[PDB]
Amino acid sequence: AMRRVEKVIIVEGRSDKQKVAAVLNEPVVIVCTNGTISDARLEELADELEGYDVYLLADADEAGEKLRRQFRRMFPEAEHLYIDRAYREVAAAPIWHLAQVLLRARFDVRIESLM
């Protein structure tokens, strides 16, 4: 019946998480960093997610970029996903745009999220 969950999306904020969750049509673990995250916790997270298909979806702003920088150093296995700079933040991006970003990265998305 059910297949194992192997995809993980990492986001910065709780609202980002709720929004990403709303668009998905398959089970995905969504990890929220709640702003900044320590190197230790990140190494620990990277270790735990060994063998998972991991993605980082951050805002188009300095704080989002700081997170990306940390991940490129501490967690190079994580694949970076981007929203259009015209929307700036994941929170401000329309649901359909989020859905397309995820769809392009081979996530199952709800058809309803495109309308």
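Numbering starts at 1 and runs along the sequence shown.
As recorded in the PDB entry, 36-44 is the stretch of 79-87 and 36-44 with the greater mean C-alpha temperature factor.
In this PDB entry, the Cα temperature factor of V29 sits in the bottom third of its chain's modelled residues, the lowest group.
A21 sits in the highest third of its chain by CA B factor, as recorded in the PDB entry. The PDB entry assigns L57 a C-alpha temperature factor belonging to the middle third of its chain's modelled residues. In the deposited entry, the Cα temperature factor of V8 sits in the bottom third of values across the chain's modelled residues.
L114: CA B factor lies in the highest third for its chain, per the PDB record.
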